[PDB]
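Taking it in order: structure first as structure tokens, then the write-up.
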Amino acid sequence: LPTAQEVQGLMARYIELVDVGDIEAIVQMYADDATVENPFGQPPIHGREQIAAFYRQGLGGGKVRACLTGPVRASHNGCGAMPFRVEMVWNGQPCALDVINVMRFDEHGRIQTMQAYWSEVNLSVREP
Amino acid sequence: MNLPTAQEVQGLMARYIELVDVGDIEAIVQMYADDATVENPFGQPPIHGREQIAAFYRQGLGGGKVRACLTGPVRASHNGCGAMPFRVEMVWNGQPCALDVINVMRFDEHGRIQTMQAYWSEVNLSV
Ligand SMILES: C[C@]12CCc3c(ccc4cc(O)ccc34)[C@@H]1CCC2=O
Ligand SMILES: C[C@]12CCc3c(ccc4cc(O)ccc34)[C@@H]1CCC2=O
């Protein structure tokens, strides 16, 4: 079960994989039975295959970047929370979306749950 | 207020940090639901209810040398929840220190905090 420093490393690695759009590697980070709520408030998605579909739809068109915008906060029970900005182009408008992800890892270092907090108030038009 | 909208969550969470920054313990307590929980740091057992929460804030802030400020926007959902990054400044071992924290909060249908989870550990403390 990852220590606080191992959670910092895994959550930063997740943002690196999203930033380069490596869909297959992101899926590998999740437990085969993980659940993702993105954005939090929506019905969850459950398991690897649904999760893969999610990342393929969100990142497969390219033109998405993601970067930490502050440090990962990590707990002593395998959990942590991080702030980051997602950049995209939405029907010609360059946009930034500010997001905080909360993750719980399992005893194999895989993401068991993820909750991404954001809504449209966190979108803005902004050059990369 | 009923269940706060995303914009209302952003305002309430920002207000909470303002009140921490000036040490207004009684106003902080009034932001929580009468039976709210606080987990601070997340990973420790929850405390329950306004008196335990008041005691916790009096212990944390009552020395008067704590400041706090947002270090990015409040993220808000459409179901009355939100998350925010901020930095707390205080003294550790005789020197000025800073601690990065993220709070995740859920508001009830009266606009009061029902649950508080403050994510941080020693990996977030710097001098
Ligand atoms: C899906 C998305 C691009 C990726 C992305 C979004 C929002 C939250 C995210 C959180 C993640 O952990 C990883 C990727 C996203 C955007 C919402 C609109 C959009 O095009
Ligand atoms: C208590 C504290 C100052 C305030 C504070 C801490 C940690 C998380 C917090 C979360 C809050 O929502 C409000 C205040 C704090 C610090 C931990 C050590 C310390 O001096």
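Just so it is clear, the values below take in all heavy atoms, side chains as well, and ignore hydrogens, waters and symmetry mates. Chain naming here is simple, since letters A, B, ... match the order of the sequence lines and numbering starts at 1 in each. Counting starts at 1 for both ligands and their atoms, following the listed order.
- Side-chain N or O atoms of B:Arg50 include one that pairs as donor or acceptor with a backbone N or O of B:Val29 at under 3.5 Å.
- Closest approach of A:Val72 to A:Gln8, counting heavy atoms only: O-NE2, 3.2 Å.
- Taking a cut-off of under 4.0 Å to the non-hydrogen atoms of A:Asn101, the atoms of ligand 1 that pass are 12 (O).
- Nearest-residue assignment for atom 10 (C) of ligand 1 (options A:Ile26, A:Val18, A:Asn38; heavy-atom criterion): A:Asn38.
- Atoms of ligand 1 found under 4.0 Å from any heavy atom of A:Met114, numbered from 1 in the order shown, are 12 (O).
- Side chain to side chain, B:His78 and A:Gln42 fail the donor-acceptor criterion of an N or O pair below 3.5 Å.
- Heavy-atom proximity to A:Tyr14, at under 4.0 Å, picks out these atoms of ligand 1: 11 (C), 12 (O), 13 (C).
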**Request:** Report the C-alpha separation of A:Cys79 and A:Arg104 in whole Å, then their side-chain angles, then the decisive distance to 0.1 Å, and conclude whether the side-chain contact (heavy atoms from CB on, under 4.5 Å) test is met.
**Result:** CA-CA 4 Å; A:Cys79 297; A:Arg104 167 156 70 90; 3.8 Å; yes

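- In this structure, the protein non-hydrogen atom closest to atom 20 (O) of ligand 2 is B:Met90 CG, 3.3 Å.
- The protein atom (non-hydrogen) at minimum distance from atom 15 (C) of ligand 2 is B:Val88 CG2, 4.1 Å.
- Compare A:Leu97, A:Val64, A:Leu59, A:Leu123 by their heavy atoms: the one nearest to atom 16 (C) of ligand 1 is in A:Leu97.
- Looking at atom 1 (C) of ligand 1, its nearest protein heavy atom turns out to be A:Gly58 CA, 4.1 Å.
- Without hydrogens or angle criteria, A:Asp19 side chain to A:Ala66 main chain gives a donor-acceptor distance under 3.5 Å.
- When distances from atom 3 (C) of ligand 2 to the protein are checked, a heavy atom turns up under 4.0 Å.
- Proximity of A:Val7 to A:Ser75: side-chain heavy atoms (C-beta onward) are nowhere separated by under 4.5 Å.
- Under 4.0 Å is where a charged nitrogen must lie from a carboxylate oxygen, and between B:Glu8 and B:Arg15 no such pair does.
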**Request:** Could you check A:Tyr14 against A:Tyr30 for side-chain contact (heavy atoms from CB on, under 4.5 Å), going step by step and ending with a plain yes or no?
**Result:** CA-CA 10 Å; A:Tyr14 167 91; A:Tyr30 281 97; 3.9 Å; yes

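- In B:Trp120, the part holding a heavy atom less than 4.0 Å from any atom of ligand 2 is the side chain.
- With a heavy-atom cut-off of 4.0 Å, B:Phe86 touches ligand 2 through its side chain alone.
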